[PDB]
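This document starts with one chain, in the form deposited in one PDB entry, laid out as structure tokens.
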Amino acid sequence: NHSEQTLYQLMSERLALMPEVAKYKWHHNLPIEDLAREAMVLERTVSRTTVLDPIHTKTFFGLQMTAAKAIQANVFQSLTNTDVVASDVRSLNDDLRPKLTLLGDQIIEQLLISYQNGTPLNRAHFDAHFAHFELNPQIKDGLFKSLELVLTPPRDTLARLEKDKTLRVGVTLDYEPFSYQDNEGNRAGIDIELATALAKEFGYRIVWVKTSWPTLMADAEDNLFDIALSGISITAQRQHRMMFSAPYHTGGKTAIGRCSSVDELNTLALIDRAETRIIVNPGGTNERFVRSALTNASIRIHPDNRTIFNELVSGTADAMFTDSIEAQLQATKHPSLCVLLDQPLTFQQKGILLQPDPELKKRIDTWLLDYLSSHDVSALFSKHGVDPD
């Protein structure tokens, strides 16, 4: 209630000063971007948010910075042939930036307060609050989802692993390119290789445990696995009772359907009509998206994520919302299929699902962050069919 609004008010007061920032920079022929300042503000923030997850915190303040630079670039458009004068500008260093610094610190204070009091968040309130800002949907989505994860606050799994050296890894094997079976029928994909490298680092052997999108969290709650990987989206709902690793992929949801359909389905407004038959796989973020985002289209839940795309080819449904990486893979695999939208509508990251053991999470992240620094995922991604655009 109270904290949520205050949080939104402070975030909006910052963005509202950004036209003034852009005018000063336009006057002094400065660029929007200033990496010095960005770095420094992000260290200041990290050091001041110790009790909060530092990945979620950096993503949240990171997307505020993106939003702010997008507003600046909109102003830049409007300034091209103007005569800005001293009289028209406000001081960047004595006026605006002090104000922005104060607001940032007040946002941190509200974060910590909300984090300790279990302030609940409402997407409708957020939407209403930021509706007038001139911001692409993914960035708006990102701000809300990241704020949700920041504000989300125990097993002895690592202790057991250290004794038995046997890592039980949950996989769905129904999401190419993350986890699937190859034409010999062996487990394959990004997440098979990542889990193999994690096990190797810790000197564990892997036991593979089959799970599903409908039974993921019950399986996790019953401790049927230690970790799980299969392109699993990081969500505040899934961090109710489990934990995640650092993210290893960033994207979000788009739509796929037939190329012969594109000119009638190339916008969310065109997709969400009662004519349109939506198909979706049960029990994960695809389902939770289409149930929340659509008001008109009909919604069929198809049992098997492996054969769902054939329904679009066959003409028994018209569109599916899924992750951008999956849509682009399936649009390459199927001549008749096309990505329908120009860009994704949501912000979402993939991570390793973990039993809630702090010490497990700590070790896994240390490994993962280092691993990502050193290879490109890009190449692992590309080996399982993912065009590195």
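Note that the rigid core is defined as the largest set of C-alphas that superpose within 1.5 Å between two forms. All residue numbers are counted from 1 along the displayed sequence.
> Please count the deposited residues lying between residue 153 and residue 154 that the model leaves without coordinates, and give the class: none, 1 to 3, 4 to 9, or 10 or more.
Gap between residue 153 and residue 154: 4 to 9 unmodelled residues.
> Taking only the CA atoms, which stretch has the higher mean B-factor in the record, 58-66 or 36-44?
Comparing 58-66 with 36-44, the higher mean C-alpha B-factor belongs to 36-44.
> Please compare 313-321 with 72-80 and name the stretch with the higher mean C-alpha B-factor in the deposited structure.
Mean C-alpha B-factor is greater for 72-80.
> Would you mind checking which of 193, 148, 105, 275 has the top Cα temperature factor in the PDB entry?
Reading the PDB entry, the winner on C-alpha B-factor is 275.
> For the C-alpha B-factor as written in the entry, point me to the maximum among 21, 377, 368, 10.
Checking the PDB record, the top C-alpha B-factor among 21, 377, 368, 10 is at 377.
> So where's residue 350 on the chain's Cα temperature factor ranking, which third?
Lowest third.
> When the modelled residues of the chain are sorted by Cα temperature factor, does residue 330 land in the lowest, middle or highest third?
Residue 330: CA B-factor falls in the lowest third of its chain.
> Relative to the other modelled residues in the chain, which third contains the C-alpha temperature factor of residue 120: lowest, middle or highest?
Highest third, going by the recorded CA B-factors of the chain.
> For residue 133, does the deposited CA B-factor place it in the lowest, middle or highest third of the chain?
Residue 133: CA B-factor falls in the highest third of its chain.
> Quick check on the deposited entry: does the C-alpha B-factor of residue 240 sit in the lowest, middle or highest third of its chain?
Its C-alpha B-factor belongs to the highest third of this chain's values.
Same protein, other form: the form deposited with a small molecule bound, not shown, and the subject of what follows.
> Any chance residue 100 has a heavy atom within 4.5 Å of the small molecule in the bound PDB entry?
Residue-level check for residue 100: yes, a contact with the small molecule.
> Does the 4.5 Å heavy atom contact test between residue 27 and the small molecule in the bound PDB entry come out positive?
No, no contact at 4.5 Å.
> Heavy atom to heavy atom, is residue 368 within 4.5 Å of the small molecule in the bound PDB entry?
Close contact is absent here: in the bound PDB entry, residue 368 is far from the small molecule, nothing within 4.5 Å, heavy atoms only.
> Look up in the bound PDB entry whether residue 14 has a non-hydrogen atom within 4.5 angstroms of the small molecule, and give yes or no.
So residue 14 counts as contacting the small molecule.
> Among the candidate residues 48, 334, 363, 37, which is the single one with a non-hydrogen atom no more than 4.5 Å from the small molecule in the bound PDB entry?
When the small molecule is considered in the bound PDB entry, the option within 4.5 Å is 37.
> Would you mind picking out the stretch of 297-305, 241-249, 170-178, 92-100 that comes within 4.5 angstroms of the small molecule in the bound PDB entry, counting non-hydrogen atoms?
Single hit among the candidates: 92-100.
> Looking at the small molecule in the bound PDB entry, do all three of 329, 339 and 386 come within 4.5 Å of it through at least one heavy atom?
Checking in the bound PDB entry: none of 329, 339 and 386 is within 4.5 Å of the small molecule.
> Which is the one residue in 304, 263, 275, 94 whose C-alpha moves 2 Å or more between the shown form and the other one, relative to the superposed rigid core?
Everything else stays below 2 Å; the exception is 94.
> Using a superposition on the rigid core, decide whether the Cα position of residue 28 changes by 2 angstroms or more between the shown form and the other one.
Indeed, residue 28 is displaced by 2 Å or more.
> Core aligned, does the CA of residue 80 move at least 2 Å between the shown form and the other one?
Passes the 2 Å threshold, so yes.
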